[PDB]
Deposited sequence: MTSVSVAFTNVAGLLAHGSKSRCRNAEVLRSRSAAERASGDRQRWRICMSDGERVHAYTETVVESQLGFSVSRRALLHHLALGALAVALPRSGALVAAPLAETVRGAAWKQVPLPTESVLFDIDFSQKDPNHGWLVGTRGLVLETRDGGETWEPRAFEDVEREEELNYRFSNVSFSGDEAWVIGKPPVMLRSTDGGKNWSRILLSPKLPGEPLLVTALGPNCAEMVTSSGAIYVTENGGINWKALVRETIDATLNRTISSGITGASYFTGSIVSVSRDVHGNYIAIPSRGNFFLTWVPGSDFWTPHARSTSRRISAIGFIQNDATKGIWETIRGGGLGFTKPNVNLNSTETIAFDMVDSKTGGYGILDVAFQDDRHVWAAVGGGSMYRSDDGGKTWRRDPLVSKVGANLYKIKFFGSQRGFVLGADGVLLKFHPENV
């Protein structure tokens, strides 16, 4: 039994979990309706805590942690969690905070619904922007069959993740294409999708763009790219499509434990598995419960893993059993 559920005292839906670098068993998890829980035994026991909003993510560097939420709210602690400090955000910052990533002492990068990317180096006081050009400024500049032919661009992005070398990947609200940003470039680079249908989710293979990109198509599609893709090249990135075997249910997130073992969360409350890269897929029947929803998978090395779901469902990864 390779996953198994950690019970908790809340009915809120879990959104993110991260662990301190100084004590790798010390970690925090965030959710809806002001949900914040603390761990010091590696995600086996949790106890509620306070600094109420929807908390989107948490991110550690050293012992410094950053949290953001909706409506726009940010907090950090440099104590592992002893004491947290509110951080005011500007109304001319476009969109609302979508992804924070802890970079080091007093350093963090924020990505907003608008696609804007900001770094602070003084613990939240100042935010210097990283991307000169807004996405719709570049979308008004593309000829590669982006949204500018099919749909009009609702100006927000979805499913944004950061690479191990600081590359970003994201998707427009309506899935018509996807977007990437590598450090130093003045704009996101838009890429045409490889499907009939539209894209639902996207990310990097074990958090490294040098191993490729995965995508989830609506109605259960799934594909991966060859390693070493130039995310600045406008020459359409080709995905190799795979038979997810999910039925009509859509994939919600994909996560690699290593090169060969892959896991996926599916709309039916199910959990799918691959042990040959992402090439052939199975549906793990002893971990899938119907009713409870599964939204997100996150590994911390190949021997720590969690799955976050609605109604306070959290599953902890058990390498004994794969």
query: Missing residue ranges, deposited sequence indexing starting at 1; finding: 1 to 106, 158 to 166
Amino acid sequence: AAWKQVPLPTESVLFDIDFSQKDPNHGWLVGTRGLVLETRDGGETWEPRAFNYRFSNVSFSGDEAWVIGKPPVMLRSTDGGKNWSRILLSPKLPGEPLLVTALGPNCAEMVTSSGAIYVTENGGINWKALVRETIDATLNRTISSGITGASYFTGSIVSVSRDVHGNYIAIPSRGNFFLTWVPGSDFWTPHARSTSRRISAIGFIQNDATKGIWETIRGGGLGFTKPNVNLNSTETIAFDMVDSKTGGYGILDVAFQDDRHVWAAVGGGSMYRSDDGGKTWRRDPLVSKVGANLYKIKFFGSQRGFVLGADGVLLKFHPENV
From here on, numbers count along this sequence of modelled residues.
property: Mean Cα B-factor comparison, 8 to 16 or 297 to 305, giving the higher one as deposited; result: 8 to 16
property: Greater mean Cα temperature factor according to the PDB record, 282 to 290 or 262 to 270; result: 282 to 290
property: Candidate set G248, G166, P105, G95 [ranked by C-alpha B-factor, highest]; result: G248
property: From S173, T180, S151, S159, residue of greatest CA B-factor; result: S151
property: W84 - Cα temperature factor, lowest/middle/highest third of chain; result: highest
property: Modelled-residue ranking by C-alpha temperature factor, third containing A137; result: middle
property: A50 by Cα B-factor - lowest, middle or highest third of the modelled chain; result: highest
property: B-factor third for the C-alpha atom of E235 within its chain; result: highest
property: Within-chain third of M241 by Cα B-factor, per the entry; result: middle
